[PDB]
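S.K.: After the C-alpha cells below, expect a handful of questions from me.
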Amino acid sequence: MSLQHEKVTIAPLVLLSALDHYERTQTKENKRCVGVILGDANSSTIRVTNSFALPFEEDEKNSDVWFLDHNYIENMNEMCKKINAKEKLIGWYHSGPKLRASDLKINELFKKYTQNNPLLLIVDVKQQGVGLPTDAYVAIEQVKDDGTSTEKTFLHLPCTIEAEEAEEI
Amino acid sequence: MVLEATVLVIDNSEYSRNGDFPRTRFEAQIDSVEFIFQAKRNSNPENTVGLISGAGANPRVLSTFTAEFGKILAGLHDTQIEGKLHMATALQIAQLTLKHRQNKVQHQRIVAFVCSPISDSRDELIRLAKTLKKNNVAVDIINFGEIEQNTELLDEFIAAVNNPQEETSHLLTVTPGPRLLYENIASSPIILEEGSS
Amino acid sequence: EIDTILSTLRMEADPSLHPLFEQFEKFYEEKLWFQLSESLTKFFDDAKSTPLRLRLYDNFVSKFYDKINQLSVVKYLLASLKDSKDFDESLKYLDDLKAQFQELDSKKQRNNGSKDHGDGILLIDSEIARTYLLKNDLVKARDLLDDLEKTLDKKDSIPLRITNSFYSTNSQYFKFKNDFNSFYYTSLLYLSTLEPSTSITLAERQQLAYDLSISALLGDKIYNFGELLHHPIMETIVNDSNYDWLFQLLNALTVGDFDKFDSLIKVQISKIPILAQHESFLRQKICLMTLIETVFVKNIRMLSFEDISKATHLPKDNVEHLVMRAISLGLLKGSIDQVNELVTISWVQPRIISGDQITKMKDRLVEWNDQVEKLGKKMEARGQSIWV
C-alpha cells in the first residue's frame, strides 16, 4: 500500500469499457455495476488502462449489502497479464451518478488486492459535467482537527487523459 | 441433507474468545466447518459450500460457492476476529450469495453459528424472517450465544421462517459447557434433516 | 489459585470497587472471559490512585494474553506506570513484558490463526519512550520514537490507540524546550483522535487545556483562537477561577479589544510569573491579530499607517516595526511603502473560520458573480452571426 497519489489520467478505453459493462451485466435502473479497475499505480499520476466487470449484486433497499466474487478476481488477474504485464489491480470503478456513503464498505474489501490505496473512479454513465465526465476519488484515512476521531474519507483527485499513440489515432 | 447449497455464516466477534468451549470458540469453529463441508459432499456431490463472515464493519463474502475444501479453510485464515457480527445484514448478504452458485440444481439453505448475544432488535429481524421464505431460503440457527443470559429472539425467528416448504429451518441449542463444539454438531443431525413439502 | 488473591484484594479495596471485584471472580468461573475484560476496563479507569491496580494486572496478564482483548491489556499498564513514582521499577516491568510478547507470537499467532500480538509490542514501546522523558533523557526517547514513527506512517489505516500514544510522547517532549508553536500543533492532534475508552484522565485534560492557552497567548503564528473555542476541551472547561480570566483573554483577542486585555493582565501578571517573563509575545500578539484581520476583511489589500495607528493604538514608529515583524513571522507578505505610507499585501496566512468570517467571504463572491454574469451577455449580443 502506497499513498503515492496526485492525479488520475484515464485511457479513453476505460470510460467506454465501463459503459458497456454496466448494461451487459444488467445491473441498471438504480442498481450498480461495480468492477475491477486495472492499470499502473505506485506513481503520482495513477494511470488507468483497462477495466473488467465483476459479478455483482446490489440490494437496492440496502446499498450496504452486496455480492462480490472474491475468488474470481484472482482468476482474472492472471488473464490481465496476458494482455499486458503492467496491468495490476488498482481499484474498482463506480458507475455514478456520483459518490455515495455505501462506497466505503465496498472499498474495504478491495484492500486485499491492491498495492496502492483502492481507487474509486466514478465513470458517469449519463455524461454529465463541464470537463471529462469522470470524477476521481481515493480513500485516505486521516485525523480531523475538529475534535472527532479518525475517519476514512474520500479526497478528490483531478480527472485527466493521456493516451498511447495507437489509442489516440 | 441432499440437494442443498449451504452458506456457512461464521461469527467473528470477541465473544468467540470465551474459553467455554476448549480452547476457544473460534478455534473450535475451525474444526467444525471442515467436517460440515465433507459431510454434505459425500451425501450428494452437487452440494457445494460458500462461506461468509460477520467480520468487517459490514459482513463480507470471503468465499463463493466452490467445490474446494481448501478455499473455505483459506477463507478462515483471511478473516479477523476484532470484527463484529450483526445479524440483520448477515442474513441478506447470504441470500445474495445463494443467487450465484456453481450448481443451480441445488436448493437454498443457511447454517448460522451464533456465539454472541445479539443486541440487534428482535422486531427488525422478524421482517427479514418473512423475507427468507419468499425467496425460498431456510436458516438453521445453531445457537449458543444467547444462552449466556439474554432473552431469546431466536424462538420467534425459527417459527416465522417455517412454512410448508422443502427447505425447513431447524433450531439447535447447544450446552455451553465443555464437550467440544464440533462433536456436538457432528453427533446431532446434520444429514438426518428432513423436508416438509 | 488466583481466586484467593482476588478475595484478599477485594477486602482491602474501596466500597466503590467492591462490586467490580466480585465480577472478575464470577466471570473467571463461568469462562466468559470477554465480559471479564469489560469490567476490568471500568475498574482501571478509576483505580489511578489506589495501590490495588498494579497487583490486579500482574495476576491476569500471566494467564491470558490472547484469550482477552490484547490492546486494552497493554493500555492499562501504560497508565499504571505513569502514576507510579518509582521509575527504575517501571522501566524493568515494561521491558520484561516486552520480552514475553516476542516469545509469545511464535506459538500463539499461528495457533489462533486470526490474532496478531505485534500491535501489543508497539503499545509498550510508546511508554518506554515516555519513561525516558520523565527521567529527562530526551535522546533515548527520540530513538524509540523514530521507530514508532516509521511503522505508523506505513499503515494506511490506524488504530486510534497507537496514534494516541504516538502523540503523547511528542507533546511532553516539545514543552521541555518551552516551544509554544511546536507544542500546540501536537496537542491538537492528540485530543482529536482520542480513544472511546479513555485511560486519559480529565486531570491531564485540564492540564492540556492550560498548556495550550499559554502557547496561544505566548505564540506568534498561532491564529487558531476560535479553534480552541470550536473544540470541546477549552469551551466546556470554563468552570474554575483559573479558567475564567484565561477564557476571557482568548475571547478578547478574537474581537481585537485592547482595553480588556490590559485590565486582566494587570491583575494576573503578578500572581503568575510565567506571564511576567514572556510579556513581549503577549502584548504584541493582539496587535498582530488585528493587523492580519483588517487586511483580510477589506476588499483592498492596502492599509494606511494612520489606520494602523488608530487600531492597534501604537506610535508611528512602532506601527512600522509591527509590519516588519509580521512579515518576518510570515503572517503577511508584500512590500512596504514608507513614502506613500501604505502596506501592500499579497499573502494572508490562513486563519480561523467563524460564522462571522463565513459570511464576509460569501458577499464578495456575489459581487464578483455579477461582474461575470452581465458581461457574457454583452458578448452574446455581440457577434451574433458567428457561434459555429
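Order determines the names: the first chain of the C-alpha cells is A, the second B, and so forth; residues in each chain are numbered 1 upward, and ligands are numbered 1 upward as they are shown.
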Determine, counting only C-alpha atoms, which protein, DNA and RNA residues have an atom within 9 Å of an atom of residue A:122; residues of the same chain fewer than 4 positions away are not included. Present the result as a VMD selection string.
M.R.: chain A and resid 93 to 99 133 to 137
S.K.: Restricting it to N, CA and C atoms, dump the selection as a PDB file, in the first residue's frame.
M.R.:
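For reference, out00.pdb as written:
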```
ATOM      1  N   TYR A  93     -14.133   0.586 -10.393  1.00  0.00           N
ATOM      2  CA  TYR A  93     -14.904   1.719 -10.872  1.00  0.00           C
ATOM      3  C   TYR A  93     -16.288   1.692 -10.250  1.00  0.00           C
ATOM      4  N   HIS A  94     -16.867   2.873 -10.109  1.00  0.00           N
ATOM      5  CA  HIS A  94     -18.271   3.020  -9.784  1.00  0.00           C
ATOM      6  C   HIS A  94     -18.938   3.675 -10.981  1.00  0.00           C
ATOM      7  N   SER A  95     -20.217   3.371 -11.167  1.00  0.00           N
ATOM      8  CA  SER A  95     -20.935   3.773 -12.364  1.00  0.00           C
ATOM      9  C   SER A  95     -21.734   5.047 -12.158  1.00  0.00           C
ATOM     10  N   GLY A  96     -21.369   5.841 -11.166  1.00  0.00           N
ATOM     11  CA  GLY A  96     -22.080   7.058 -10.875  1.00  0.00           C
ATOM     12  C   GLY A  96     -23.461   6.789 -10.311  1.00  0.00           C
ATOM     13  N   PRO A  97     -24.350   7.793 -10.359  1.00  0.00           N
ATOM     14  CA  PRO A  97     -24.074   9.132 -10.888  1.00  0.00           C
ATOM     15  C   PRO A  97     -23.095   9.924 -10.024  1.00  0.00           C
ATOM     16  N   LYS A  98     -22.840   9.540  -8.776  1.00  0.00           N
ATOM     17  CA  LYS A  98     -21.776  10.209  -8.028  1.00  0.00           C
ATOM     18  C   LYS A  98     -21.390   9.363  -6.824  1.00  0.00           C
ATOM     19  N   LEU A  99     -20.489   9.925  -6.024  1.00  0.00           N
ATOM     20  CA  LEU A  99     -20.037   9.342  -4.772  1.00  0.00           C
ATOM     21  C   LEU A  99     -21.208   9.055  -3.842  1.00  0.00           C
ATOM     22  N   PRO A 133     -16.362  13.630 -18.163  1.00  0.00           N
ATOM     23  CA  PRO A 133     -17.496  13.190 -17.345  1.00  0.00           C
ATOM     24  C   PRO A 133     -17.087  12.110 -16.358  1.00  0.00           C
ATOM     25  N   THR A 134     -15.986  12.352 -15.668  1.00  0.00           N
ATOM     26  CA  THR A 134     -15.439  11.485 -14.648  1.00  0.00           C
ATOM     27  C   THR A 134     -15.096  12.366 -13.467  1.00  0.00           C
ATOM     28  N   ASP A 135     -15.330  11.845 -12.277  1.00  0.00           N
ATOM     29  CA  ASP A 135     -14.680  12.320 -11.073  1.00  0.00           C
ATOM     30  C   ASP A 135     -13.767  11.213 -10.582  1.00  0.00           C
ATOM     31  N   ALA A 136     -12.763  11.591  -9.811  1.00  0.00           N
ATOM     32  CA  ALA A 136     -11.905  10.599  -9.198  1.00  0.00           C
ATOM     33  C   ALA A 136     -11.788  10.903  -7.722  1.00  0.00           C
ATOM     34  N   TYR A 137     -11.820   9.839  -6.943  1.00  0.00           N
ATOM     35  CA  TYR A 137     -11.649   9.909  -5.514  1.00  0.00           C
ATOM     36  C   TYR A 137     -10.685   8.811  -5.130  1.00  0.00           C
TER      37      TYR A 137
END
```
S.K.: What lies within 12 Å of residue B:72 using only C-alpha atoms, ignoring chain neighbours under 2 positions off, as an MDAnalysis selection string?
M.R.: (chainID A and resid 71) or (chainID B and resid 6:10 30:38 48:53 61:70 74:79)
S.K.: Any chance you could export the current selection's C-alpha atoms as a PDB file, in the first residue's frame?
M.R.:
```
ATOM      1  CA  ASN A  71     -12.227 -15.739  -5.914  1.00  0.00           C
TER       2      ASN A  71
ATOM      3  CA  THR B   6     -25.003 -24.066   2.007  1.00  0.00           C
ATOM      4  CA  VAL B   7     -23.971 -20.637   3.204  1.00  0.00           C
ATOM      5  CA  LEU B   8     -21.990 -21.052   6.411  1.00  0.00           C
ATOM      6  CA  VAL B   9     -22.033 -17.870   8.495  1.00  0.00           C
ATOM      7  CA  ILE B  10     -19.040 -17.921  10.780  1.00  0.00           C
ATOM      8  CA  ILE B  30     -12.141 -24.143  12.640  1.00  0.00           C
ATOM      9  CA  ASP B  31     -12.508 -27.913  13.101  1.00  0.00           C
ATOM     10  CA  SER B  32     -16.324 -27.857  12.911  1.00  0.00           C
ATOM     11  CA  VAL B  33     -16.506 -26.173   9.497  1.00  0.00           C
ATOM     12  CA  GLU B  34     -14.213 -28.655   7.745  1.00  0.00           C
ATOM     13  CA  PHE B  35     -16.394 -31.568   8.809  1.00  0.00           C
ATOM     14  CA  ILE B  36     -19.647 -29.963   7.753  1.00  0.00           C
ATOM     15  CA  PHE B  37     -18.245 -29.407   4.270  1.00  0.00           C
ATOM     16  CA  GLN B  38     -17.145 -33.041   3.933  1.00  0.00           C
ATOM     17  CA  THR B  48     -21.140 -27.065  -2.525  1.00  0.00           C
ATOM     18  CA  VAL B  49     -20.310 -24.652   0.227  1.00  0.00           C
ATOM     19  CA  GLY B  50     -19.882 -20.935   0.348  1.00  0.00           C
ATOM     20  CA  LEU B  51     -18.533 -19.063   3.340  1.00  0.00           C
ATOM     21  CA  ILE B  52     -19.493 -15.662   4.671  1.00  0.00           C
ATOM     22  CA  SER B  53     -18.451 -13.944   7.892  1.00  0.00           C
ATOM     23  CA  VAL B  61     -18.208 -12.617   1.229  1.00  0.00           C
ATOM     24  CA  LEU B  62     -14.931 -14.438   1.712  1.00  0.00           C
ATOM     25  CA  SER B  63     -15.816 -17.465  -0.402  1.00  0.00           C
ATOM     26  CA  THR B  64     -18.273 -18.047  -3.209  1.00  0.00           C
ATOM     27  CA  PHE B  65     -19.767 -21.447  -3.875  1.00  0.00           C
ATOM     28  CA  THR B  66     -16.893 -23.738  -4.574  1.00  0.00           C
ATOM     29  CA  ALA B  67     -16.007 -27.422  -4.727  1.00  0.00           C
ATOM     30  CA  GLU B  68     -12.730 -26.888  -2.877  1.00  0.00           C
ATOM     31  CA  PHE B  69     -12.470 -27.540   0.845  1.00  0.00           C
ATOM     32  CA  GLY B  70      -9.222 -25.601   0.880  1.00  0.00           C
ATOM     33  CA  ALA B  74      -8.236 -20.366   3.417  1.00  0.00           C
ATOM     34  CA  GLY B  75     -11.146 -18.038   3.984  1.00  0.00           C
ATOM     35  CA  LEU B  76     -10.888 -18.733   7.687  1.00  0.00           C
ATOM     36  CA  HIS B  77      -7.250 -17.626   7.873  1.00  0.00           C
ATOM     37  CA  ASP B  78      -8.100 -14.425   5.970  1.00  0.00           C
ATOM     38  CA  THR B  79     -10.870 -13.199   8.298  1.00  0.00           C
TER      39      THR B  79
END
```
S.K.: Going by DSSP on the backbone, which bits of chain B are helix (DSSP H, G or I)? Write them as a ChimeraX atom specification, please.
M.R.: /B:15-17,25-43,69-78,87-97,122-135,154-161,181-187
S.K.: Write out as a count of residues only the residues lying within 9 Å of residue A:160, counting only C-alpha atoms and excluding same-chain residues fewer than 6 positions away.
M.R.: 7
S.K.: Quick one: which residues from chain A are at most 12 Å off chain B, using only C-alpha atoms, as a PyMOL selection string?
M.R.: chain A and resi 55-73+102-110+112
S.K.: Could the residues in this selection be written to a file with C-alpha atoms, as a short mmCIF file (atom, residue, chain, number, x, y, z; two decimals), in the first residue's frame?
M.R.:
```cif
data_model
loop_
_atom_site.label_atom_id
_atom_site.label_comp_id
_atom_site.auth_asym_id
_atom_site.auth_seq_id
_atom_site.Cartn_x
_atom_site.Cartn_y
_atom_site.Cartn_z
CA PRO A 55 -20.20 -10.38 -10.80
CA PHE A 56 -22.04 -8.09 -8.51
CA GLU A 57 -25.41 -7.89 -6.87
CA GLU A 58 -26.81 -4.73 -5.38
CA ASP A 59 -29.55 -4.83 -2.80
CA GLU A 60 -31.38 -1.63 -3.73
CA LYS A 61 -33.31 -1.29 -0.49
CA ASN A 62 -29.94 -1.53 1.26
CA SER A 63 -26.86 -0.44 -0.67
CA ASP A 64 -24.91 -1.57 2.42
CA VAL A 65 -25.41 -5.22 1.36
CA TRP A 66 -23.84 -6.50 -1.86
CA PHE A 67 -22.30 -9.53 -3.57
CA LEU A 68 -18.68 -9.61 -4.65
CA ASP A 69 -16.91 -12.69 -6.02
CA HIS A 70 -13.54 -12.54 -4.39
CA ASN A 71 -12.23 -15.74 -5.91
CA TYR A 72 -12.93 -14.58 -9.45
CA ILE A 73 -10.64 -11.61 -9.26
CA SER A 102 -22.09 2.98 0.86
CA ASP A 103 -18.80 3.13 -1.07
CA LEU A 104 -16.52 2.94 1.97
CA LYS A 105 -17.57 -0.58 2.86
CA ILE A 106 -17.03 -1.79 -0.67
CA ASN A 107 -13.63 -0.10 -0.57
CA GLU A 108 -12.67 -2.22 2.42
CA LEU A 109 -12.86 -5.50 0.57
CA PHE A 110 -10.65 -4.09 -2.17
CA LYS A 112 -6.72 -7.45 -0.23
#
```
S.K.: Would you list which chain C residues are within 7 Å of chain B using only C-alpha atoms, as a ChimeraX atom specification?
M.R.: /C:31-34,67-68,112-115
S.K.: Can you write out as a Markdown table which residues of chain A fall within 7 Å of chain C, alongside each residue's closest atom pair and its distance in Å to one decimal, counting only C-alpha atoms and ordering rows by chain and ascending residue number?
M.R.:
```
| residue | atom | partner | partner_atom | distance |
| --- | --- | --- | --- | --- |
| A:141 | CA | C:157 | CA | 6.1 |
| A:143 | CA | C:193 | CA | 6.3 |
| A:144 | CA | C:192 | CA | 6.6 |
| A:145 | CA | C:192 | CA | 6.1 |
| A:146 | CA | C:231 | CA | 6.3 |
| A:147 | CA | C:192 | CA | 4.2 |
| A:148 | CA | C:192 | CA | 5.3 |
| A:149 | CA | C:193 | CA | 4.5 |
| A:150 | CA | C:193 | CA | 5.8 |
```
S.K.: Determine, counting only C-alpha atoms, which protein, DNA and RNA residues have an atom within 9 Å of an atom of residue B:140; residues of the same chain fewer than 5 positions away are not included. Present the result as a ChimeraX atom specification.
M.R.: /B:109-113,158,168-172
S.K.: Which of chain A end up as strand (DSSP E) when DSSP is run on this backbone - answer as number ranges by chain?
M.R.: A: 7-10, 35-40, 45-53, 56-58, 66-68, 88-94, 119-123, 134-142, 151-157, 159-160
S.K.: Kindly give the distance, in Å, that separates atom CA of residue B:25 and atom CA of residue B:12, rounded to a single decimal.
M.R.: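 Spanning atom CA of residue B:25 to atom CA of residue B:12 is a straight-line distance of 10.1 Å.
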S.K.: Find the spatial neighbours of residue C:329, counting only C-alpha atoms, within a cut-off of 9 Å - ignore same-chain residues fewer than 3 positions away - and output them as a compact mmCIF listing (two decimals) with N, CA, C and O atoms, in the first residue's frame.
M.R.:
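Saved to part_9.txt:
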```
# COMPACT_ATOMS: atom_id res chain seq x y z
N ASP C 220 3.21 33.29 18.25
CA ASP C 220 3.37 34.38 17.30
C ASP C 220 2.91 34.05 15.89
O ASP C 220 2.94 34.93 15.03
N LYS C 221 2.51 32.81 15.61
CA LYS C 221 1.95 32.43 14.32
C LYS C 221 0.77 31.50 14.57
O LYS C 221 0.44 30.68 13.70
N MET C 324 6.96 45.11 9.89
CA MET C 324 8.18 44.35 9.63
C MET C 324 8.12 43.00 10.33
O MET C 324 8.40 41.95 9.73
N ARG C 325 7.78 43.03 11.60
CA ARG C 325 7.78 41.83 12.41
C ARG C 325 6.78 40.82 11.88
O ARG C 325 7.04 39.62 11.83
N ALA C 326 5.61 41.30 11.46
CA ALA C 326 4.59 40.42 10.93
C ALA C 326 5.09 39.67 9.70
O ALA C 326 4.86 38.46 9.57
N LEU C 332 1.89 37.98 6.97
CA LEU C 332 1.54 38.83 5.86
C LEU C 332 2.78 38.90 4.99
O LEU C 332 3.91 38.76 5.48
```
S.K.: Could you tell me how far atom CA of residue A:157 lies from atom CA of residue A:138, in Å and to one decimal?
M.R.: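 Spanning atom CA of residue A:157 to atom CA of residue A:138 is a straight-line distance of 7.1 Å.
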